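First up is the structure itself, then whatever we jot down about it.
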Amino acid sequence: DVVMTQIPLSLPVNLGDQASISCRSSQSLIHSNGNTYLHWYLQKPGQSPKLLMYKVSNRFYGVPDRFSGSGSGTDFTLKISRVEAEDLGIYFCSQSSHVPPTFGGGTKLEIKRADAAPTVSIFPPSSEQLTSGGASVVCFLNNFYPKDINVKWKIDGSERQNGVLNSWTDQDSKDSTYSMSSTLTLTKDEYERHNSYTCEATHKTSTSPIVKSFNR
Amino acid sequence: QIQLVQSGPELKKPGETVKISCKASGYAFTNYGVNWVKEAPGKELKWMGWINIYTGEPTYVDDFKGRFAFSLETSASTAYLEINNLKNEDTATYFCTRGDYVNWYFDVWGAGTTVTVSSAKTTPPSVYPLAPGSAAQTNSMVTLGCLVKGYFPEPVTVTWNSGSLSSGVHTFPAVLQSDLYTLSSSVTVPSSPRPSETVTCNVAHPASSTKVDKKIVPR
Ligand SMILES: CC(=O)[C@H]1CC[C@H]2[C@@H]3CCC4=CC(=O)CC[C@]4(C)[C@H]3CC[C@]12C
């Protein structure tokens, strides 16, 4: 199969700016018939790909002046000229020069904003959680930018990874920050045998960690 | 509109047979091929096979070959995928594309059919209330949430004060502790509103016909 590879994964952009996506390939895409079948799809949220550009440089129809493309053989690049409210999504490059036509990973065209470190909240496990056995512990790391953070769950001091199931939100349309939250699960008594539970967040905007906590 | 239109989302326990239709209207079916493309949870938008209508012969990439069966009923314009004895890992969304013979692209795709393969039986959720280990005045906002846990199937709908609290709420995606799902939501309110005025998380899980209202009560 021919590997197609994209860079970046998220492309932070100022709307109204220049924006350039780049795509590259394992084998070459120039064909026996002197042709290049390098095409580009865009997948807007929870929806279906729509062909944007074909054979490196030709657009599809509808598609506007703002889109463009180039390159050869191993390396190709798309470019939007004034990126707009209507262009953000994943962006896939694929090749049809070979079999099997391979798809290429994608880069989302997200929005870039002045940063924010994550507002965090540890919450103890409840009456009923406890009355059923089992006690989930929850840390909401919230309204932050940018996407990469991560959450240690220090448990007395020694850390943990059974249980910790983490989940994340997409870019908050209203303010562009992110949010995320881990749920550590411990049985009602793996729970009732420790003091001190601490999720520890590490994110760019504090050289120090940002560690909420509570004692059992 | 010239479009490929495909069937409903489905839910199958493993070892079963699901059959996906894809109907072409508005275009000369025989003149393009219908290529099936797969979207697995954050894996590759991977290509499956192709069914060329001037012949009715299928090509397969090697992976899905044979267990996956494309078919055709041209005087109906409809294309077919059957997956027999579906594994768990046969959970994705499947798309069909009008593929072209000239410049070799895929220009009309249909909405997708999600197949969920899981053994689970429907369970209503356990909505649990999350109120704060008495942090103070953390500045001027309080944050509480609900942990609606252990449900099958998706979806649930979470809201607070019957829809009256929306700026602030952040429901996070549903993930899978062991066959069932766990979901949670957060509402940040001004510190004079909680506990002065009540905050409730309302969750309804329709595929079980249950609504749970949980009032977030101090600790
Ligand atoms: C008609 C059609 O759907 C098109 C869309 C993509 C195309 C294929 C793309 C890959 C390819 C490369 C070749 O050089 C042989 C032909 C094939 C195998 C093409 C045959 C026709 C296809 C399947």
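Identifiers in the structure tokens: chain A, B, ... in order shown; residue index from 1 per chain; ligand index from 1 in order shown.
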Next item on the list: Mind checking which residues fall within 12 Å of residue 75 (chain B), counting only C-alpha atoms, ignoring those fewer than 2 positions away in the same chain, and posting them as a PyMOL selection string?
Entry: chain B and resi 23-25+28-30+53+72-73+77-79
Would you write out, as JSON lines, a table of all residues in chain B that have an atom no more than 9 Å from an atom of ligand 1, listing for each the closest atom pair and the distance in Å to one decimal, considering only C-alpha atoms and all ligand atoms and ordering rows by chain and rising residue number?
```
{"residue": "B:31", "atom": "CA", "partner": "ligand 1", "partner_atom_place_in_ligand_line": "1 (C)", "distance": 8.0}
{"residue": "B:32", "atom": "CA", "partner": "ligand 1", "partner_atom_place_in_ligand_line": "1 (C)", "distance": 5.1}
{"residue": "B:33", "atom": "CA", "partner": "ligand 1", "partner_atom_place_in_ligand_line": "3 (O)", "distance": 4.0}
{"residue": "B:34", "atom": "CA", "partner": "ligand 1", "partner_atom_place_in_ligand_line": "3 (O)", "distance": 6.0}
{"residue": "B:35", "atom": "CA", "partner": "ligand 1", "partner_atom_place_in_ligand_line": "3 (O)", "distance": 6.0}
{"residue": "B:49", "atom": "CA", "partner": "ligand 1", "partner_atom_place_in_ligand_line": "23 (C)", "distance": 8.5}
{"residue": "B:50", "atom": "CA", "partner": "ligand 1", "partner_atom_place_in_ligand_line": "23 (C)", "distance": 6.2}
{"residue": "B:51", "atom": "CA", "partner": "ligand 1", "partner_atom_place_in_ligand_line": "3 (O)", "distance": 7.8}
{"residue": "B:52", "atom": "CA", "partner": "ligand 1", "partner_atom_place_in_ligand_line": "1 (C)", "distance": 6.8}
{"residue": "B:59", "atom": "CA", "partner": "ligand 1", "partner_atom_place_in_ligand_line": "18 (C)", "distance": 8.6}
{"residue": "B:97", "atom": "CA", "partner": "ligand 1", "partner_atom_place_in_ligand_line": "3 (O)", "distance": 7.8}
{"residue": "B:98", "atom": "CA", "partner": "ligand 1", "partner_atom_place_in_ligand_line": "3 (O)", "distance": 6.3}
{"residue": "B:99", "atom": "CA", "partner": "ligand 1", "partner_atom_place_in_ligand_line": "3 (O)", "distance": 3.2}
{"residue": "B:100", "atom": "CA", "partner": "ligand 1", "partner_atom_place_in_ligand_line": "1 (C)", "distance": 4.2}
{"residue": "B:101", "atom": "CA", "partner": "ligand 1", "partner_atom_place_in_ligand_line": "1 (C)", "distance": 4.0}
{"residue": "B:102", "atom": "CA", "partner": "ligand 1", "partner_atom_place_in_ligand_line": "1 (C)", "distance": 7.6}
{"residue": "B:103", "atom": "CA", "partner": "ligand 1", "partner_atom_place_in_ligand_line": "5 (C)", "distance": 7.9}
{"residue": "B:104", "atom": "CA", "partner": "ligand 1", "partner_atom_place_in_ligand_line": "5 (C)", "distance": 4.4}
{"residue": "B:105", "atom": "CA", "partner": "ligand 1", "partner_atom_place_in_ligand_line": "5 (C)", "distance": 5.4}
{"residue": "B:106", "atom": "CA", "partner": "ligand 1", "partner_atom_place_in_ligand_line": "5 (C)", "distance": 6.3}
```
Go ahead and save the picked residues with N, CA, C and O atoms, as an mmCIF file, in the first residue's frame.
```
data_model
loop_
_atom_site.group_PDB
_atom_site.id
_atom_site.type_symbol
_atom_site.label_atom_id
_atom_site.label_comp_id
_atom_site.auth_asym_id
_atom_site.auth_seq_id
_atom_site.Cartn_x
_atom_site.Cartn_y
_atom_site.Cartn_z
ATOM 1 N N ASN B 31 -21.957 4.560 -15.859
ATOM 2 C CA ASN B 31 -20.860 5.419 -16.278
ATOM 3 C C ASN B 31 -19.814 5.780 -15.228
ATOM 4 O O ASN B 31 -18.857 6.480 -15.564
ATOM 5 N N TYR B 32 -19.932 5.426 -13.946
ATOM 6 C CA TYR B 32 -18.945 5.710 -12.922
ATOM 7 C C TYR B 32 -18.880 4.454 -12.071
ATOM 8 O O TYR B 32 -19.752 3.590 -12.227
ATOM 9 N N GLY B 33 -17.922 4.245 -11.168
ATOM 10 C CA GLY B 33 -17.990 3.052 -10.346
ATOM 11 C C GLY B 33 -18.415 3.404 -8.936
ATOM 12 O O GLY B 33 -18.271 4.550 -8.519
ATOM 13 N N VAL B 34 -18.933 2.508 -8.132
ATOM 14 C CA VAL B 34 -19.168 2.867 -6.757
ATOM 15 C C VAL B 34 -18.101 2.146 -5.917
ATOM 16 O O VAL B 34 -17.918 0.933 -5.885
ATOM 17 N N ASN B 35 -17.214 2.973 -5.363
ATOM 18 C CA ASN B 35 -16.093 2.612 -4.485
ATOM 19 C C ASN B 35 -16.504 2.684 -3.017
ATOM 20 O O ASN B 35 -17.051 3.682 -2.560
ATOM 21 N N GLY B 49 -13.131 -1.676 -1.617
ATOM 22 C CA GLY B 49 -13.113 -2.290 -2.926
ATOM 23 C C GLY B 49 -13.604 -1.288 -3.956
ATOM 24 O O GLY B 49 -13.262 -0.119 -3.865
ATOM 25 N N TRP B 50 -14.464 -1.684 -4.894
ATOM 26 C CA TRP B 50 -14.948 -0.904 -6.061
ATOM 27 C C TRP B 50 -15.886 -1.879 -6.733
ATOM 28 O O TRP B 50 -15.636 -3.101 -6.668
ATOM 29 N N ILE B 51 -16.961 -1.384 -7.315
ATOM 30 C CA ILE B 51 -17.804 -2.233 -8.129
ATOM 31 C C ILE B 51 -18.055 -1.408 -9.379
ATOM 32 O O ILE B 51 -18.456 -0.244 -9.388
ATOM 33 N N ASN B 52 -17.635 -2.026 -10.471
ATOM 34 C CA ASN B 52 -17.689 -1.442 -11.800
ATOM 35 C C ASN B 52 -18.960 -2.011 -12.355
ATOM 36 O O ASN B 52 -19.129 -3.232 -12.497
ATOM 37 N N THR B 59 -13.614 -5.267 -7.256
ATOM 38 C CA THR B 59 -12.206 -5.398 -6.905
ATOM 39 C C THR B 59 -12.200 -5.147 -5.411
ATOM 40 O O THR B 59 -13.066 -4.508 -4.789
ATOM 41 N N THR B 97 -18.581 6.016 -2.786
ATOM 42 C CA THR B 97 -18.211 7.106 -3.689
ATOM 43 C C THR B 97 -18.378 6.839 -5.181
ATOM 44 O O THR B 97 -17.907 5.832 -5.727
ATOM 45 N N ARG B 98 -18.944 7.811 -5.875
ATOM 46 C CA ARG B 98 -19.012 7.766 -7.304
ATOM 47 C C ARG B 98 -17.584 7.989 -7.686
ATOM 48 O O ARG B 98 -17.067 9.048 -7.367
ATOM 49 N N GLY B 99 -16.918 6.999 -8.228
ATOM 50 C CA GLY B 99 -15.593 7.171 -8.779
ATOM 51 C C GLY B 99 -15.522 7.204 -10.305
ATOM 52 O O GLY B 99 -16.015 6.363 -11.066
ATOM 53 N N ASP B 100 -14.709 8.134 -10.728
ATOM 54 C CA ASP B 100 -14.541 8.488 -12.111
ATOM 55 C C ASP B 100 -13.383 7.797 -12.857
ATOM 56 O O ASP B 100 -12.270 7.691 -12.356
ATOM 57 N N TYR B 101 -13.585 7.464 -14.141
ATOM 58 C CA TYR B 101 -12.647 6.751 -15.021
ATOM 59 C C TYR B 101 -11.651 7.648 -15.693
ATOM 60 O O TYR B 101 -10.681 7.127 -16.199
ATOM 61 N N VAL B 102 -11.973 8.940 -15.836
ATOM 62 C CA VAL B 102 -11.146 9.940 -16.515
ATOM 63 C C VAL B 102 -10.055 10.459 -15.611
ATOM 64 O O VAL B 102 -8.935 10.005 -15.717
ATOM 65 N N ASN B 103 -10.307 11.375 -14.686
ATOM 66 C CA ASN B 103 -9.287 11.899 -13.800
ATOM 67 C C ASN B 103 -9.197 11.190 -12.447
ATOM 68 O O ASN B 103 -8.550 11.706 -11.519
ATOM 69 N N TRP B 104 -9.895 10.064 -12.275
ATOM 70 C CA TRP B 104 -9.705 9.169 -11.162
ATOM 71 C C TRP B 104 -9.928 9.635 -9.718
ATOM 72 O O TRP B 104 -9.296 9.240 -8.734
ATOM 73 N N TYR B 105 -10.895 10.500 -9.520
ATOM 74 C CA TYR B 105 -11.204 11.028 -8.223
ATOM 75 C C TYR B 105 -12.470 10.459 -7.679
ATOM 76 O O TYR B 105 -13.010 9.587 -8.328
ATOM 77 N N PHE B 106 -12.989 10.943 -6.551
ATOM 78 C CA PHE B 106 -14.218 10.500 -5.942
ATOM 79 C C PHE B 106 -15.019 11.739 -5.733
ATOM 80 O O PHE B 106 -14.760 12.481 -4.796
#
```
Next item on the list: Counting only C-alpha atoms, collect the residues of chain A whose closest atom lies at most 8 Å from chain B, and write them out as a ChimeraX atom specification.
Entry: /A:37,39,47-51,54-55,96,100-105,121-126,128-129,140,165,167-169,179-181,214
Next item on the list: Name the residues of region 5-150 of chain A that come out as strand (DSSP E or B) in a backbone DSSP run; write them as a VMD selection string.
Entry: chain A and resid 5 to 7 10 13 19 to 25 30 36 38 to 43 50 to 54 58 to 59 71 to 72 75 to 80 90 to 95 102 to 104 108 111 116 119 to 123 135 to 145
Note to self: Can you measure CA of residue 209 (chain B) to CA of residue 160 (chain B) for me? One decimal in Å is fine.
What the structure shows: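 For CA of residue 209 (chain B) relative to CA of residue 160 (chain B), the distance reads 18.6 Å.
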Next item on the list: Tell me, as a PyMOL selection string, which residues lie within 12 Å of residue 202 (chain A), counting only C-alpha atoms; anything in the same chain fewer than 5 positions away does not count.
Entry: chain A and resi 117-118+120+141+144+146-153+207-212
Once you have the residues from the selection above, write them out as a CSV table (one decimal), in the first residue's frame, restricted to N, CA, C and O atoms.
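Produced file again-v2.csv, reproduced below:
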```csv
chain,number,residue,atom,x,y,z
A,117,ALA,N,-4.3,28.7,30.4
A,117,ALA,CA,-4.0,27.5,31.1
A,117,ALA,C,-5.4,26.9,31.7
A,117,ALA,O,-6.3,27.7,31.8
A,118,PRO,N,-5.5,25.7,32.1
A,118,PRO,CA,-6.7,25.0,32.4
A,118,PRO,C,-7.3,25.2,33.7
A,118,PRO,O,-6.7,24.7,34.7
A,120,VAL,N,-8.9,23.9,36.8
A,120,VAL,CA,-9.2,22.6,37.2
A,120,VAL,C,-10.0,22.4,38.5
A,120,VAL,O,-10.1,23.2,39.3
A,141,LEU,N,-10.4,19.6,33.5
A,141,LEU,CA,-9.3,20.5,33.2
A,141,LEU,C,-10.1,21.3,32.2
A,141,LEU,O,-10.6,20.7,31.3
A,144,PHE,N,-9.1,25.8,28.3
A,144,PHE,CA,-7.7,26.1,28.0
A,144,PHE,C,-7.2,26.1,26.6
A,144,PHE,O,-7.7,25.4,25.8
A,146,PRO,N,-3.3,25.6,24.5
A,146,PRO,CA,-3.8,24.8,23.4
A,146,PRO,C,-3.9,23.4,23.8
A,146,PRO,O,-3.4,22.9,24.8
A,147,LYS,N,-4.5,22.7,22.9
A,147,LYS,CA,-4.9,21.3,23.0
A,147,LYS,C,-3.9,20.4,23.9
A,147,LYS,O,-4.4,19.8,24.8
A,148,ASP,N,-2.6,20.3,23.7
A,148,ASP,CA,-1.9,19.4,24.5
A,148,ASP,C,-1.8,19.8,26.0
A,148,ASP,O,-1.5,21.0,26.2
A,149,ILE,N,-2.3,19.0,26.9
A,149,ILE,CA,-2.1,19.1,28.4
A,149,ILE,C,-1.8,17.6,28.7
A,149,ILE,O,-1.8,16.8,27.8
A,150,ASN,N,-1.7,17.3,30.0
A,150,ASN,CA,-1.8,15.9,30.5
A,150,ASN,C,-1.9,15.8,32.0
A,150,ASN,O,-1.4,16.6,32.8
A,151,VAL,N,-2.5,14.7,32.4
A,151,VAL,CA,-3.0,14.6,33.8
A,151,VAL,C,-2.5,13.4,34.6
A,151,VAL,O,-2.9,12.2,34.4
A,152,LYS,N,-1.6,13.7,35.4
A,152,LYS,CA,-1.0,12.7,36.3
A,152,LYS,C,-2.2,12.5,37.3
A,152,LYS,O,-3.0,13.4,37.5
A,153,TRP,N,-2.4,11.3,37.9
A,153,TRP,CA,-3.3,11.1,39.0
A,153,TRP,C,-2.5,10.6,40.2
A,153,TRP,O,-2.6,9.4,40.5
A,207,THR,N,5.1,26.7,34.2
A,207,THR,CA,6.3,25.9,34.2
A,207,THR,C,6.1,24.9,35.4
A,207,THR,O,6.6,23.8,35.3
A,208,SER,N,5.4,25.3,36.4
A,208,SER,CA,5.1,24.5,37.5
A,208,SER,C,3.9,23.6,37.1
A,208,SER,O,3.2,23.9,36.1
A,209,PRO,N,3.6,22.5,37.7
A,209,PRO,CA,2.3,21.8,37.6
A,209,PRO,C,1.2,22.6,38.2
A,209,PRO,O,1.4,23.6,38.9
A,210,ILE,N,-0.1,22.1,37.9
A,210,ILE,CA,-1.3,22.7,38.3
A,210,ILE,C,-2.3,21.6,38.7
A,210,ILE,O,-3.0,21.0,38.0
A,211,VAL,N,-2.1,21.5,40.1
A,211,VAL,CA,-2.5,20.3,40.8
A,211,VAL,C,-3.7,20.4,41.8
A,211,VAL,O,-3.4,20.7,42.9
A,212,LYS,N,-5.0,20.2,41.5
A,212,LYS,CA,-6.0,20.2,42.5
A,212,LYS,C,-5.9,18.9,43.3
A,212,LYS,O,-5.1,18.0,42.9
```
Selection: 7 Å around residue 212 (chain B), only C-alpha atoms, excl. self and same-chain fewer than 2 positions, as a tab-separated table (two decimals) with N, CA, C and O atoms, in the first residue's frame:
```tsv
chain	number	residue	atom	x	y	z
B	127	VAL	N	-27.11	8.39	36.64
B	127	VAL	CA	-26.61	9.75	36.71
B	127	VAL	C	-26.16	10.00	38.14
B	127	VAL	O	-26.88	9.72	39.09
B	202	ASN	N	-30.15	17.40	33.80
B	202	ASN	CA	-31.28	16.59	33.36
B	202	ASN	C	-30.73	15.65	32.33
B	202	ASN	O	-30.21	16.17	31.33
B	203	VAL	N	-30.75	14.33	32.45
B	203	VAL	CA	-30.25	13.45	31.38
B	203	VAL	C	-31.31	12.46	30.91
B	203	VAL	O	-31.95	11.81	31.73
B	204	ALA	N	-31.53	12.33	29.60
B	204	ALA	CA	-32.50	11.42	29.04
B	204	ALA	C	-31.80	10.39	28.20
B	204	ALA	O	-31.00	10.79	27.39
B	210	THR	N	-35.77	6.58	29.61
B	210	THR	CA	-35.44	7.07	30.93
B	210	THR	C	-34.91	8.50	30.93
B	210	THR	O	-34.09	8.89	30.09
B	214	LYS	N	-31.14	15.30	38.40
B	214	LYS	CA	-30.27	15.15	39.54
B	214	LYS	C	-30.06	16.57	40.01
B	214	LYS	O	-29.59	17.35	39.16
```
